[PDB]
Amino acid sequence: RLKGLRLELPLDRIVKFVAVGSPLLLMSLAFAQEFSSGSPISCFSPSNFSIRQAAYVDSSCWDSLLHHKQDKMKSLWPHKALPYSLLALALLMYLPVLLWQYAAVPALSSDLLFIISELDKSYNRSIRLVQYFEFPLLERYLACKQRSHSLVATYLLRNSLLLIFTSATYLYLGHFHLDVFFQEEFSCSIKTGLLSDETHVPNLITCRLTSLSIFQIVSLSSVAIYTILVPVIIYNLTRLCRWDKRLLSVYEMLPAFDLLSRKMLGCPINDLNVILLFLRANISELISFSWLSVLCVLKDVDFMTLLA
Amino acid sequence: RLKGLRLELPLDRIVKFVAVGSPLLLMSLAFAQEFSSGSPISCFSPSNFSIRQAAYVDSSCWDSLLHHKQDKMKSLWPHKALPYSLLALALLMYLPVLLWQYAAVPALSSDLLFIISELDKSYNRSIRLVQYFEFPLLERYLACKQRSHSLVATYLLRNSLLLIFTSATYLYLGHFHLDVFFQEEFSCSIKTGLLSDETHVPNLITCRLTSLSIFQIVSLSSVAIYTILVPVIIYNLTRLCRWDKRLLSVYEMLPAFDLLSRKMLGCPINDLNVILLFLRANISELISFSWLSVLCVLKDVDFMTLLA
Amino acid sequence: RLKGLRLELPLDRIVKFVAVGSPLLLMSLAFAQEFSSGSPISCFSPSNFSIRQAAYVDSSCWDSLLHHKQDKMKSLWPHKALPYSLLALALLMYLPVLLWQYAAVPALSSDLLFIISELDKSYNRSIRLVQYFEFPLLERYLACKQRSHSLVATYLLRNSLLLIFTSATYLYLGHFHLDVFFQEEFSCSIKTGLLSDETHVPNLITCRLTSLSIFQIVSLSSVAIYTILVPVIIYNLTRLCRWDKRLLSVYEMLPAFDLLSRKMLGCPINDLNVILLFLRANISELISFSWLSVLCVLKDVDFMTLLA
Amino acid sequence: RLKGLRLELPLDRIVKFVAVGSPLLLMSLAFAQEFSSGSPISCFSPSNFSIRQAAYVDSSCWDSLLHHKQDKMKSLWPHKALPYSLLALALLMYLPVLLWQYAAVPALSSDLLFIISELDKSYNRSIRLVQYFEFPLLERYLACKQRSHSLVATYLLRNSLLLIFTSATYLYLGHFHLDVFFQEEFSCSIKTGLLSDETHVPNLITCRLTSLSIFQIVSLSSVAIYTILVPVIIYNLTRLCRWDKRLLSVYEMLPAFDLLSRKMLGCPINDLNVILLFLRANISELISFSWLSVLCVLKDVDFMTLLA
Amino acid sequence: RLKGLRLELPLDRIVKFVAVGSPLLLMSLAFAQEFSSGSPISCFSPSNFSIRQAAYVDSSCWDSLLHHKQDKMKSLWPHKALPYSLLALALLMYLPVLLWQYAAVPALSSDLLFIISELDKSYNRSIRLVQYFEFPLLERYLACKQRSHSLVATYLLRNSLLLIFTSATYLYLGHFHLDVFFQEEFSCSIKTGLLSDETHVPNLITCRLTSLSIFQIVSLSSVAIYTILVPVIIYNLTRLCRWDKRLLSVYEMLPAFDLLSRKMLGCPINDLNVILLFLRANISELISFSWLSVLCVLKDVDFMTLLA
Ligand SMILES: *[C@@H]1O[C@H](CO)[C@@H](O)[C@H](O)[C@H]1NC(C)=O
Ligand SMILES: *[C@@H]1O[C@H](CO)[C@@H](O)[C@H](O)[C@H]1NC(C)=O
Ligand SMILES: *[C@@H]1O[C@H](CO)[C@@H](O)[C@H](O)[C@H]1NC(C)=O
Ligand SMILES: *[C@@H]1O[C@H](CO)[C@@H](O)[C@H](O)[C@H]1NC(C)=O
Ligand SMILES: *[C@@H]1O[C@H](CO)[C@@H](O)[C@H](O)[C@H]1NC(C)=O
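Residue numbers (UniProt numbering), protein chains in the order written: chain C, 24 to 93, 99 to 159, 186 to 354, 366 to 373; chain H, 24 to 93, 99 to 159, 186 to 354, 366 to 373; chain B, 24 to 93, 99 to 159, 186 to 354, 366 to 373; chain A, 24 to 93, 99 to 159, 186 to 354, 366 to 373; chain R, 24 to 93, 99 to 159, 186 to 354, 366 to 373.
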C-alpha cells in the first residue's frame with residue numbers, strides 16, 4: 024500500500040505518455056519509410072548520363088535542396109530536417125516532467141506519507157473512542199500548508215511550460231510547413247562551383263520528392279494530436295481553480311476532519327488543493343479508505370452509531 | 024483469490040482482443056508484403072528510358088496516384109493510405125477500453141471487494157448459527199445501489215461507442231473501397247509542372263498496381279471479421295436488459311440473500327445487474343462459492370439441514 | 024497436486040497441438056521459400072524488352088494469374109491464396125478448443141476439486157474406521199450428475215466441430231487443388247485495358263510457376279497429416295460410447311465406492327463418463343491414489370485387512 | 024534505507040548522464056546515416072569510366088580527402109574523423125566520474141553511514157530524555199572534518215576537469231570545424247604515384263560530400279548542448295562557495311545540533327559543506343527525517370514540548 | 024561481507040579491463056568498417072575488362088598483396109593480418125590474469141578469510157577486556199609468512215609478463231607498421247603462373263588501399279593507449295617496493311597489532327606487503343573496520370579509554 028503511491032493523476036500521466044510517444048511513433052515511421060526505399064528524392068537525369076553521374080546528381084540535389092524558380101532562391105530545408113526537428117520536440121515534451129520529478133516529488137511524497145500515517149492514527153483513535187477529539191499537529195500543519203505556495207507553483211509552471219511548448223509547435227507548423235505543403239517537383243542546379251564551366255550537364259534538372267505524402271501525413275497527425283491534447287491540459291489546469299467541494303460532506307464523517315476543513319473557502323492557489331486531489335486519488339489505501347468510501351456513499366443516528 | 028479478480032466478462036475480453044488484434048495483424052501483413060517486393064506499383068515506362076528515368080517515373084506515379092481518364101481526375105488515394113488509416117481504427121478499438129479502465133474500474137473493484145468480504149462474513153455467521187439474521191449494512195448498500203446509474207451508464211456507453219466505431223468502419227469501407235475495388239491499371243502523367251515543355255517523355259504512362267489483391271483480401275477480411283463480431287456485442291448489450299432470474303433460486307440458499315433479492319423485478323438499468331453478473335463470474339472465489347455451487351446444483366429438510 | 028490438474032487427455036492435447044502446429048509449420052515453410060527467391064513466378068519476356076518492362080510483365084502476370092487457353101478464362105487463384113487460406117484453417121483448428129475453454133473448464137474444474145476433496149475425506153474416514187459407511191452428499195451429487203447432459207454435450211460438440219472442419223478441408227483440397235495440380239506453365243496477356251492499342255508487347259506471354267513443387271508438397275502433407283489425425287479423433291469420440299468397466303473392480307476397493315458405482319449400466323451419454331475418464335487421468339494425486347493403484351494391481366482377507 | 028544511499032546530487036547525475044549520452048547519440052546517428060547510404064562522398068567521374076573505375080575513383084578520393092585549389101593542399105580530414113574523435117570526447121566525459129568513483133566514494137560512504145547511525149542514536153536519546187546532552191565523539195569528528203580538505207578537493211577537481219574538457223571541446227570546434235563548415239564540393243586528383251603517366255583519367259575530378267548537412271547538424275547540436283550544460287556546472291561549483299545557512303534553524307531543533315553547528319562561519323572549503331549537502335539530499339531516511347522535516351516546516366513552548 | 028572479497032586492487036582491475044577491451048574495441052571497429060564497404064582494396068582495372076574480370080583482378084591483388092616496384101618484391105602483409113594479429117595480443121592480455129587466477133587466488137583467499145576471522149576475534153576480545187593480550191597463532195603465522203615468497207613471486211611475475219607483452223607490442227608496431235605507414239597505392243601483377251602467356255591483361259595494375267586511414271588510426275590508438283597504460287603498471291610494481299608505513303600508527307590502535315607490526319623494517323619482498331595491501335583494500339568489512347577507520351582518523366587517555 025505504501026509503495027503503491029502515485030505521484031500524478033492518471034489523466035496527466037496518459038497525456039504525458041501520448042505527448043511523448045506520438046513524436047517517437049512519427050520518428051519510427053519516418054526512419055522506416057525513408058531509408059527502406061533509398062533516399063526521399065528522385066531526379067530525372069538526362070539519358071546521356073551514366074548511372075554513377077545520375078546518382079551524383081541525385082545526392083547533390085538532395086543535399087542542396089534549393090529551388091531556382093525563374099533569381100529566386102527559395103529553400104526546402106524542412107523535408108530533410110523533419111525527423112531531427114521533431115526529436116527536439118520529443119525532448120521538449122520530456123523537459124517539464126523531469127522538472128516535476130526534481131522539484132515536487134520528494135516534498136509531496138513526504139507530506140503524503142505523513143498525512144496517511146496521521147489518517148491511520150486518527151481512524152484508530154476514532155475506532156477506540158466510539159466504543186482527544188482535536189489534533190494540534192495536523193491543525194498546525196494544515197495552517198502552515200495553507201500559506202505555502204510551492205507545489206501549486208510547480209504544478210502551474212509545468213502546465214504552463216507544456217502549453218507554451220504546444221503553442222511553439224503550432225507556430226512552427228503554421229510558419230514553416232505551409233509554404234512547402236504543395237511542392238511536388240522542384241528544379242535543382244549543380245552548375246555552382248567547380249562544375250561551372252562544364253558543358254556535359256544541363257543547367258536545370260527537375261526532381262520530385264518521394265516523401266511528400268509522408269511529410270503531409272506526419273504534419274497533419276501532429277497538429278490533430280496536439281489539438282486533441284490541449285483541452286485536457288486546460289481542464290487539468292482549471293481543476294485547481296475550483297475547490298474540492300464535491301467531497302466536503304465526506305470530511306463530515308469525522309467532526310475533526312470537518313474542523314480541519316473549516317473555512318475551506320478562499321483563493322484556490324495553495325498546496326491544500328493539490329494535497330486534496332492526491333488523497334482523492336489515494337482513497338483505496340488498503341481497506342480503510344474503501345470503508346470510508348462505502349460509508350460516505352451510503353450516507354447520501367447514522368448506521369446505528371457506526372455499528373457501535 | 025483476492026488478487027485474481029476479473030474486471031470484465033471473458034466474452035467481452037475476447038471480443039476486445041479480436042477487435043484490437045485483427046487490425047494489427049492486417050498491419051503486419053501489409054508492411055510485410057508491401058516493402059518486401061519494392062513498391063506496390065510497377066510502371067510500363069517506354070524502352071528508350073534509362074533505368075534511373077524509369078525509377079523516377081515509378082516514384083512520381085506512386086506519389087501522385089492520379090487517374091487521367093479521357099478531363100477526369102479521379103484519385104486512388106486509399107491504396108497508399110490503407111495501412112495508416114487502419115492504424116487509426118486500431119486506436120479507435122483501444123479508445124473505449126481505456127475509458128472503461130478510467131471510469132468504472134476503481135468503484136467496481138472497491139464494491140466487489142466489500143461485497144465479497146460481506147459474503148464471507150455472512151457465510152461464517154450462517155455456519156455458526158446453524159449449529186442476527188438480517189444485515190442492515192448490506193440492505194442499505196443495495197438500496198443505494200438500486201438508485202445509482204453510474205456503472206450501467208459506463209457499460210452502455212462503452213458498448214455504444216464500440217458499435218458506433220464499427221458502423222463508421224462499415225461506412226468507410228462501403229463509401230471508399232468499392233469505387234476502387236476493380237482498378238487493375240491506370241494512366242499517369244508526369245507532364246505537369248516543370249517537365250511540361252519536355253518532349254523526351256510520353257504524355258500518358260500506364261501503371262498497374264501490384265498490391266490490388268492484397269488490398270482486396272484485407273478489406274474482405276475486415277468486413278467479415280466485424281460482421282462476425284457485431285452480434286456478440288449486441289448479445290452483451292442485451293444481457294443487461296434481462297434480469298438474472300436464472301440464479302434466483304440460488305439466492306434462496308439463505309433467506310437473508312432472498313430478502314436482499316426481494317423485489318428484484320423492475321427496470322433493468324441499474325448497478326445491481328452489473329454486480330450480479332460480476333459475482334456470477336466470481337462464483338469460484340476460493341472453496342466457499344464452489345460449495346455454494348455444489349449445494350445449489352444438488353438442490354434442483367434439505368441435505369439434513371446442511372449437515373447440521 | 025491441486026494446481027497440477029489436467030483439463031484434457033494427453034491424446035486429445037497432442038492431437039490439438041499437431042492440428043494447430045502443422046498449418047503454422049506449412050505457413051513458415053511457405054513464407055520462407057516464397058520470398059527468399061523473389062516471387063513464385065518467372066515470365067519469359069521477349070529479348071527486346073528492357074529489364075523494367077520485364078519486371079512489369081512479371082508483376083502483372085503474377086497479379087492477374089489468368090489463363091488464356093485457346099475464349100477460355102480459367103484462373104489459377106489458389107497458388108496466390110495458398111498461405112492465407114491455410115491461415116483460416118489454423119484459426120478453425122483453434123475455434124473448438126476456445127469453446128472447450130469457455131464452456132466446460134470452470135464447471136469441470138469445480139466438480140473435480142469437490143470430488144477430490146470428498147475422495148480424500150472418504151479415504152481418511154476409511155483409514156480411521158479400519159483400525186458412517188455411506189455418503190449421502192456424494193450419492194445425491196452422483197444421482198444429479200447422472201441426469202445432466204452438459205459436459206457430454208460440450209465434448210461431443212467439440213469433437214464434431216473438429217471432424218466437420220477436417221471434412222471441409224478434405225472437400226476444399228479435393229475440389230480446388232486437383233484441377234491445378236498439373237499446371238507447369240500458363241499463358242498470360244497484358245493486352246487488356248489501356249495497353250490494348252500498344253504494339254510493343256506480344257499478345258500472349260508464357261510464364262512458368264516456380265512454387266509448383268512446394269505447393270504440391272504442402273497439399274500432400276496436409277492431406278496425409280489429417281488422414282493420420284482423423285482415426286484418433288474417432289477413437290476419442292467412441293471412448294465415451296463404452297463405459298469404464300475396466301476399472302469396476304477398482305471401485306470394489308471400498309464398498310461405498312461400489313454402491314456409488316451401483317447400476318453403472320445404462321446409456322453412456324452422461325457427465326459420469328467424462329468424470330470417470332478425468333479421475334482415471336488423475337490417479338496420481340499425491341501419494342494416496344498411487345497406493346490405490348498399488349492395492350488394485352496386487353488385488354488381481367485381502368492384504369491382512371489392509372495392514373490392519 | 025541504508026542501501027538507498029545516493030553518492031551524488033540528482034542535478035550532477037543528470038548533467039553527467041546528458042554529457043555522456045549526447046556524444047553516444049550523435050555516434051549512433053552518424054553510424055546510422057553514414058553507412059546506410061554507402062559512403063559519405065559521391066564523385067562525378069567522367070562518362071568513359073566503367074563502373075569499377077568510378078568506384079575506384081570514389082574510394083581513392085574518400086581516402087585522400089585532399090583539396091587541390093589552384099599549389100594549395102588544404103585537407104578535409106575532420107569529415108572522416110568526426111565519429112572517432114567524438115568517441116574520445118565520450119571517454120573524456122567518463123574520465124572524471126571514474127575518478128569520483130575511485131577517490132571519494134568509500135570515505136564518503138563510511139562517513140555518511142557513521143553520521144546516520146549517530147543521528148539515529150541521538151534521536152533515540154532525545155526521545156528518551158524528553159519524557186548526556188552533548189556528544190564528544192561527534193564533536194571531535196566534526197572538529198577533525200573541519201580541518202581536512204579531501205572531499206572538497208576531489209569535488210573541485212572533478213568539476214574543474216569537466217569544465218576544462220568542455221573548454222577543450224569548444225576550442226576544437228572553433229578551430230577545426232569553421233574552415234570546413236562551407237565546403238560543398240572539392241577537387242581531387244588521383245594522378246599521384248603509379249598512375250602519374252596514365253592518360254586514361256583526368257587530372258582533376260570534382261566530388262561533393264554527401265554528409266555535409268549531417269556534420270553541420272552534429273556540430274551545432276554539440277555546441278548548443280555544451281553551452282546549455284556549462285552554467286549548471288558553474289552553479290554546482292558555486293554551491294560549495296556558500297554555506298548551508300538555509301537550514302541553520304533546522305539545526306536548532308536540537309541544541310546539541312546547534313552546538314555542533316556553532317561557529318559555522320568561516321572559509322567554505324571543507325568536508326563539512328559536502329557532508330551537509332549529502333545529508334540534505336538524505337532527509338528522507340526512513341520516517342524519522344520526514345518527521346524532522348515536518349517539525350521544521352511547522353516551526354516556521367513549541368508543539369507542547371514535542372508532544373511530551 | 025565475506026562474499027564481497029576482492030582479489031585485486033581497483034587500479035589493477037581497471038588496467039586489465041582497459042588492456043583487454045581496447046584490442047576488442049579495435050577488432051569491432053575493423054570488422055565493422057572493413058566488410059561493410061566490400062573489401063579494403065580497389066583496383067583500377069582497364070576499361071576493356073568486364074565486371075567479372077575486374078572483380079577477379081581485385082580479388083587476386085587483395086590475396087597477393089605484393090609490390091612490384093621497379099626486381100623488388102616488397103610485401104604488404106600486415107594490412108590483411110591487422111585484425112587477427114591483434115587478436116593474439118588480446119589473448120596475450122588475458123594470459124597473465126588467468127595465471128593470477130590459477131596461482132594465487134586460493135591461497136590468498138584462505139589467508140584473507142583466516143586473517144579476517146582472527147581480526148574479528150581479537151576485536152571481540154579487546155571489547156571484552158577494556159570493560186591474553188598476545189596471540190601466539192597470529193604471531194607464528196606472521197613469522198612464517200615473513201619467510202615465504204609465493205604471492206610476491208606471482209605478483210611480480212604477472213606484472214613482468216604484462217610489461218614484456220607491452221614491450222613486444224611496441225617492437226611489433228615499431229618494426230612492421232612504419233615501412234608501410236605511407237603506402238597509398240601499389241602495383242600488382244597477375245602475370246604469374248598460368249596467365250603468363252595471356253595478352254588480354256596488362257603487366258602491371260595499380261591498386262589503392264581503402265582502409266589505409268583506418269589502419270593508421272588503429273595503430274596510433276594502440277600505441278597511445280599502451281603508452282598511457284605502462285606508467286600505471288610501473289606504479290603498481292613499485293608500490294610493493296615501499297612498506298605500508300602510512301598506516302603504521304593505525305596498527306598502534308592495539309598494542310598487540312603493534313607487536314605483530316614490530317620490526318616491519320626489512321627487504322620489502324614478502325607476502326606481508328601483499329597481505330597489508332589487500333587488508334587495506336578491505337577496511338570496510340561490515341561496520342567494525344569502519345569504526346577502526348573513524349578512530350584512527352580522529353586519533354590524528367584517548368576517547369576516554371574507548372568509551373570505557
Ligand atoms: C547527351 O545529351 C546532352 C543533352 O542533355 C548533351 O549536352 C550531350 O552533349 C550529349 N552527349 C552525348 C555523348 O551524346
Ligand atoms: C525514344 O522513344 C520515344 C517514344 O516513346 C521518343 O519520343 C524518343 O524520341 C526516343 N528517343 C530515342 C533516343 O530514340
Ligand atoms: C522487338 O521484338 C518484338 C517481337 O516480339 C517486335 O514486335 C518489336 O518491334 C521489336 N522491337 C525492336 C526495337 O526491335
Ligand atoms: C573518354 O573521355 C576522356 C575524357 O575525359 C578521354 O581522355 C578518353 O580518351 C576517352 N576514352 C574513350 C575510349 O573514348
Ligand atoms: C582492351 O585494351 C587493352 C589495353 O589495356 C588491349 O590490350 C586489348 O587488346 C583491348 N581489347 C579490346 C577488345 O579492345
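Just so you know, even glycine gets a beta-carbon here, dropped at the ideal spot from N, CA and C.
For this session: Just the chain B side, please: which residues come within less than 7 Å of H:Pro-33 by C-beta, in chain order?
Result: As a position in the second sequence, residue 33 of chain H is number 10, starting the count at 1. Correct list: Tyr-130.
Exercise. Does the stretch 316-324 of chain A come within contact of the stretch 201-215 of chain A, defined as at least 3 CB pairs closer than 8 Å?
Worked result: Taking a contact to require three or more Cβ pairs closer than 8 Å, the stretch 316-324 of chain A and the stretch 201-215 of chain A qualify as touching.
For this session: May I ask you to check if the CB of H:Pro-256 is nearer than 7 Å to at least one heavy atom of ligand 2?
Result: Stepping through the second sequence from its first residue, residue 256 of chain H is reached at position 202. Checking the Cβ of H:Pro-256 against ligand 2 gives yes.
Problem set entry | Cutoff 8 Å: R:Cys-350 Cβ touching any chain A Cβ | As a first step, residue 350 of chain R is located in the fifth sequence; it is residue number 296 there, counting from the start. No - not a single Cβ of chain A is within 8 Å of the one on R:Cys-350.
For this session: With B:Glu-239 as the anchor, note down where its beta strand (DSSP E) starts and where it stops.
Result: If you number the third sequence from 1, residue 239 of chain B lands on position 185. Counting along the chain, the beta strand (DSSP E) containing B:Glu-239 begins and ends at 239-242.
Exercise. Count the other CB atoms within 10 Å of the CB of A:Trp-128; is the residue buried (16 or more) or exposed (fewer)?
Worked result: The residue given as residue 128 of chain A occupies position 100 in the fourth sequence. Answer is buried; the Cβ neighbour count reaches 16.
For this session: Kindly examine ligand 4 and report whether one of its heavy atoms sits closer than 7 Å to the Cβ of R:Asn-71.
Result: Here residue 71 of chain R is taken as the residue at index 48 of the fifth sequence, counted from 1. Answer for R:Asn-71: no, Cβ out of range of ligand 4.
Problem set entry | Nearest-angstrom beta carbon gap, A:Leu-49 and A:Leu-114 [assumed within contact, 8 Å] | The count along the fourth sequence starts at 1 and reaches residue 114 of chain A at position 86. The count along the fourth sequence starts at 1 and reaches residue 49 of chain A at position 26. A:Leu-114 to A:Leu-49, Cβ: 6 Å. Contact.
Exercise. R:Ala-278 versus chain A: which residues are under 8 Å apart at the beta carbon?
Worked result: Mapped onto the fifth sequence, residue 278 of chain R falls at position 224. Correct list: empty, because the minimum Cβ distance to chain A is about 10 Å.
For this session: Classify C:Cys-350 as helix, strand or coil using the three-state DSSP reduction.
Result: By 1-based counting over the first sequence, the position of residue 350 of chain C is 296. The three-state secondary structure of C:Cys-350, taken from DSSP, is helix.
Exercise. Ligand 7 heavy atoms versus the CB of B:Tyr-280: any closer than 7 Å?
Worked result: Although ligand 7 was asked about, the structure shown includes only ligand 1, ligand 2, ligand 3, ligand 4 and ligand 5 as ligands.
Exercise. Looking at chain H, which residues of the stretch 105-116 of chain B have a Cβ within less than 7 Å of any of its Cβ atoms?
Worked result: Residues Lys-108 and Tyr-112.
Problem set entry | Cβ distance (whole Å) where A:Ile-144 is taken to contact A:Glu-339 below 8 Å | Locating residue 144 of chain A in the fourth sequence gives position 116, where the first residue counts as 1. Locating residue 339 of chain A in the fourth sequence gives position 285, where the first residue counts as 1. Taking C-beta atoms under 8 Å as the contact rule, A:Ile-144 and A:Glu-339 qualify, at a distance of about 6 Å.
Exercise. At a Cβ threshold of 8 Å, is A:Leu-248 touching chain R?
Worked result: Residue 248 of chain A sits at position 194 when you count from the first residue of the fourth sequence. Interface residue, yes.
For this session: Tell me, to the nearest whole angstrom, how far the beta carbon of R:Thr-264 is from that of A:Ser-60; I am working on the premise that it is less than 8 Å.
Result: To locate residue 264 of chain R, count along the fifth sequence from 1; it is residue 210. To locate residue 60 of chain A, count along the fourth sequence from 1; it is residue 37. By a beta-carbon distance limit of 8 Å, R:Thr-264 does not contact A:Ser-60. Their separation comes to about 17 Å.
Problem set entry | Bridge-paired residues (DSSP) for C:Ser-103 | Locating residue 103 of chain C in the first sequence gives position 75, where the first residue counts as 1. Answer is C:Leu-89.
Exercise. Got a sec? Which residues, its chain only, sit under 7 Å from B:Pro-124 by beta carbon, not counting five neighbours each side?
Worked result: Start at 1 with the first residue of the third sequence, and residue 124 of chain B comes out as number 96. Cβ neighbours of B:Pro-124 beyond the five flanking positions: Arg-212, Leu-215 and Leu-216.
For this session: Output the distance between the C-alpha atoms of A:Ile-268 and A:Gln-76, rounded to the nearest integer angstrom.
Result: What you label residue 268 of chain A is simply residue 214 of the fourth sequence in a count that begins at 1. What you label residue 76 of chain A is simply residue 53 of the fourth sequence in a count that begins at 1. Roughly 28 Å between the two C-alpha positions.
Exercise. Quick one, which residues of the stretch 51-81 of chain B are near chain E if we go by CB-CB under 9 Å, in chain order?
Worked result: The structure shown has no chain E; the protein chains it does contain are C, H, B, A and R.
Problem set entry | C:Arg-300: contacting residues in chain H (beta-carbon distance under 8 Å) | Residue numbering aside, residue 300 of chain C sits at position 246 when the first sequence is read from its first letter. Neighbours of C:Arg-300 on chain H: none; closest Cβ ~14 Å, over 8 Å.
Exercise. According to a CB-to-CB cut-off of less than 7 Å, which residues of the stretch 193-207 of chain A neighbour chain R?
Worked result: Cβ contacts with chain R: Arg-194, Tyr-195 and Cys-198.
For this session: Just confirm the distance between the C-beta atoms of H:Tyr-130 and C:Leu-352, as a whole number of angstroms; I'd bet it's less than 8 Å.
Result: As a position in the second sequence, residue 130 of chain H is number 102, starting the count at 1. As a position in the first sequence, residue 352 of chain C is number 298, starting the count at 1. Contact between H:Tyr-130 and C:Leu-352 is ruled out by a C-beta separation of about 25 Å, above the 8 Å threshold.
Problem set entry | Bounding residues of the alpha helix (DSSP H) (the contiguous stretch that carries C:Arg-153) | To locate residue 153 of chain C, count along the first sequence from 1; it is residue 125. According to the DSSP assignment, C:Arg-153 belongs to the alpha helix (DSSP H) that extends over 133-158.
Exercise. Would A:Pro-322 count as contacting chain R if we go by Cβ distances under 8 Å?
Worked result: Here residue 322 of chain A refers to the residue found at position 268 when the fourth sequence is read from its first residue. Not closer than 8 Å to any Cβ of chain R, the Cβ of A:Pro-322 fails to qualify, so no.
Exercise. Between which two residues does the alpha helix (DSSP H) containing R:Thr-370 stretch?
Worked result: The sequence position of residue 370 of chain R within the fifth sequence is 305, counting from 1. Per DSSP, the unbroken alpha helix (DSSP H) holding R:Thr-370 starts and ends at 368-372.
Exercise. Secondary structure at C:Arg-262, three-state DSSP: helix, strand or coil?
Worked result: Here residue 262 of chain C refers to the residue found at position 208 of the first sequence. In the structure shown, C:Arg-262 sits in a strand (DSSP, three-state: E or B).
For this session: Assess, as a yes-or-no matter, whether the stretch 33-46 of chain B is touched by the stretch 246-256 of chain B under the definition of 3 or more beta carbon pairs within less than 8 Å.
Result: The answer is no - the stretch 33-46 of chain B does not touch the stretch 246-256 of chain B, with fewer than three Cβ pairs under 8 Å.
Exercise. R:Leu-89 to A:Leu-117, Cα distance in whole Å?
Worked result: Residue numbering aside, residue 89 of chain R sits at position 66 when the fifth sequence is read from its first letter. Residue numbering aside, residue 117 of chain A sits at position 89 when the fourth sequence is read from its first letter. If you take the alpha carbons of R:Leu-89 and A:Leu-117, they lie about 39 Å apart.
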